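Shown next as structure tokens: one chain only, the form deposited in one PDB entry.
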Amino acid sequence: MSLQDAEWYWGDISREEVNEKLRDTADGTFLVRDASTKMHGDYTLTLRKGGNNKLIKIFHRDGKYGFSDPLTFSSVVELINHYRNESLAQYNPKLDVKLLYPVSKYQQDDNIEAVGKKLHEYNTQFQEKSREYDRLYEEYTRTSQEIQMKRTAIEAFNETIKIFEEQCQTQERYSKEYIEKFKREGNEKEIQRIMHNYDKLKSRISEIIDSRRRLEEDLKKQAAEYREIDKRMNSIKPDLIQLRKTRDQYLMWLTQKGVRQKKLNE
């Protein structure tokens, strides 16, 4: 019945911590803190409506509470219970939502040295899988860099080949009529000089498309490693947050008795 025992009262936790406890949650979810001022008597209600976290000042004036100058509540507990049944439209029609969901202050289900040991290993699991992801992220960007530079090199090959191909079409245009003349003139040498060079042009161009292919193949296989590195990162990201959540609750569960054991453990 007392405020100190209420599930939705979290004491002096930070505005930044209720933001984390309400993100992506449903309308009506609510908490109550000691105002960030940390002055006796004042409290702040935070409820979620329309995807935002609205802040409400719980005023205190002579042993009674309320959101406005008519403070008609002897306790903060009865104030929260009244609006857990009635809509906040009574105070402000813009809100029109009642306190539907409290964020209970205990959820998750041996000697203090045992949980201090269980904390030491859960943290090592988190810290070593954090190095796992940090290694993939640098290989992810190291691979990303090498890919987009191989893409521009291929486009460079595409432009050189386009230039070398129009060269073959200009050779075949301006050489046709001169070759047709050298042949009826009986001049086989000059026709052989023209084809000697043409064959050299037709040879280098093929050496270039080969280099482009060998790079195209080298890129396609690295672009797949890129996707696989992304797969396993997306598989580690959720496990990493899970192992981080047990770490912090074990740390706070132990901070109540073992402030010095954490000082030496880590």
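Rigid core here is just the name for the largest C-alpha set that superposes within 1.5 Å across the two forms. Numbers for residues come from their place in the sequence shown, where the first is 1.
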Can you check if, in at least a third of the other PDB entries compared, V32 has no modelled coordinates? no
Of 227-235 and 57-65, the one with larger mean CA B-factor: 57-65
157-165 set against 85-93, stretch whose average Cα temperature factor tops the other in the entry: 85-93
Per the deposited B-factor column, the C-alpha that peaks among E188, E146, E180, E78 belongs to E78
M195, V103, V115, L99, ranked by C-alpha B-factor: the highest one: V115
Would you mind ranking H40 by its C-alpha B-factor against the rest of the chain and naming the third, lowest, middle or highest? highest
Hey, what third does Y174 fall into on Cα B-factor, ranked over its chain? lowest
How does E16 rank on Cα B-factor within its chain, lowest, middle or highest third? middle
Based on the entry's values, in what third of the chain does the Cα temperature factor of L240 lie: lowest, middle or highest? highest
Using the B-factors in the PDB entry, rank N123's C-alpha atom against the chain and give the third, lowest, middle or highest. middle
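This protein has a second form, the form deposited in another entry, left out of what is shown; the following refers to that one.
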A224 C-alpha shift between the shown form and the other one of 2 Å or more, rigid core reference: no
Take the rigid core as the frame of reference and indicate whether the C-alpha of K38 shifts by 2 Å or more between the shown form and the other one. yes
Is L71 one of the residues whose C-alpha moves 2 Å or more between the shown form and the other one after the core fit? no
Explain in one word, closer or farther, how the Cα atoms of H40 and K54 are placed in that other deposited form relative to this form, where the distance changes by 3 Å or more. closer
In that other deposited form, shift in Cα separation for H40 relative to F59, 3 Å or more: closer
